[PDB]
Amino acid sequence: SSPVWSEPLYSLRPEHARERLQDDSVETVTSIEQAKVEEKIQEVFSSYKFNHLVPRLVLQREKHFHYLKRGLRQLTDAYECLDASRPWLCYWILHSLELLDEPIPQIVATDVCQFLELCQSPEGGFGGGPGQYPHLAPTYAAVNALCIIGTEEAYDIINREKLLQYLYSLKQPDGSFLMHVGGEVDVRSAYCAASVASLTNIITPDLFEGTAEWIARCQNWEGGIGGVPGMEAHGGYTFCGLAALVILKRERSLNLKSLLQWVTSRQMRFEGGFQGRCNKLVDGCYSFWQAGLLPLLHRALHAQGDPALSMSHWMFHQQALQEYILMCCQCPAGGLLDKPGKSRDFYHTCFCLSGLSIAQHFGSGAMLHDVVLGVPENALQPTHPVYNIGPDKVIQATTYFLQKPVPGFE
């Protein structure tokens, strides 16, 4: 076959050029923008090929590590726009470090715990910063961050009694949840609530009454799920919807057939990465939101006894996604990105890596099959498809909280 120092790539096959956009000689804003991206991506792909010599791809772990380590402590005023999302920054950075198997010093861990405690609201839940009103987004992020740390100190920071009361204060009669008091409603809330409620063992029989039905109403004609009933299928909202239903054990409420066909169609034939909506551009962060749906669908179909399911691969092109992330989404200075030409940020660093991990690891029952493209060191730690934190962290957290009673309920 091939010497160990050369690894043929899918994106470099001669026939891959046939995957370039065919605009049928009818130009519109959509095709013009798509063509521009493909042109740049082809240039990038070609830079990794030297005729028959194709060096193994390398995840610049050290560069990413230093970028993350610095951000966990300090940020420039360029992040003032995220002053109401500091728990998000904690989660994005800690999860990235977790995926890279970079240890978190005990001191830093304790400091994160203390900071998130300051973000916790007396009414329950966490806000975007100290003294801010609670909101399901930073609440979801804070809980995931504390679970990544996984110490009893981190676990005990969460005021479970008030958290459940807070979730109740956001629950609507139609099954949906507000993102915060007097705030907006969309499927993100159902997932944020289901995620933190299941991890901390505070689910009551009535908490999610009608929620599964509401989420199902969000699935549309495309097969994907929109933010609210009637809206366009979107990768981020679809992940939220399916992940929430998986937590509620109500995945069957959806048409899994149309959902599967929709998400698989979101992988770009040329770029290899995923788009968030039909006819929109590729974006590295959808490597997780979209690709993450495949392990969830695999699990759902497996629970139904689907005899046709693969026992070694997810139903998306795992290699092509890794090729897009490794060749197109890494910032040479550290950190990951949306696409070539975009600047790095912690959000994309978190999700590009999360998506890379999903693409590298397949697991079902007693079967495990890894596909790590490039040098062996590229292997990332696995991530749980529902919570997007390490599976070990999920088990440890769920086990810890299951030892506590549901707040004021039997």
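Throughout, we count residues from 1 along the sequence that is shown.
**Q** Between 313 to 321 and 248 to 256, name whichever shows the higher mean Cα B factor according to the PDB entry.
**A** Higher mean C-alpha B-factor in the PDB entry: 248 to 256.
**Q** Is the mean CA B factor in the deposited entry higher across 347 to 355 or across 65 to 73?
**A** Mean B over CA atoms: larger for 65 to 73.
**Q** Return the residue from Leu53, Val58, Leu380, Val371 that has the highest Cα B-factor in the entry.
**A** The C-alpha B-factor peaks, among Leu53, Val58, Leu380, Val371, at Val371.
**Q** Which listed residue, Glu98, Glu184, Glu222, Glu123, has the largest C-alpha temperature factor in the record?
**A** Each of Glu98, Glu184, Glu222, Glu123 was compared by C-alpha B-factor; the highest is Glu123.
**Q** For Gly241, does the deposited CA B-factor place it in the lowest, middle or highest third of the chain?
**A** Lowest third, going by the recorded CA B-factors of the chain.
**Q** Taking the chain's C-alpha temperature factors as the reference, tell me which third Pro138 falls into: lowest, middle or highest.
**A** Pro138: CA B-factor falls in the lowest third of its chain.
**Q** Which third, lowest, middle or highest, does the C-alpha temperature factor of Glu232 belong to within its own chain?
**A** As the PDB entry reports it, the C-alpha B-factor of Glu232 lands in the lowest third of its chain.
**Q** Could you look up the Cα B-factor of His302 in the entry and say which third of the chain it sits in: lowest, middle or highest?
**A** Its C-alpha B-factor, which the entry lists for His302, ranks in the highest third among residues of this chain.
**Q** Which third, lowest, middle or highest, does the CA B-factor of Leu9 fall in along this chain?
**A** Middle third - that is where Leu9 ends up once the chain's C-alpha B-factors are sorted.
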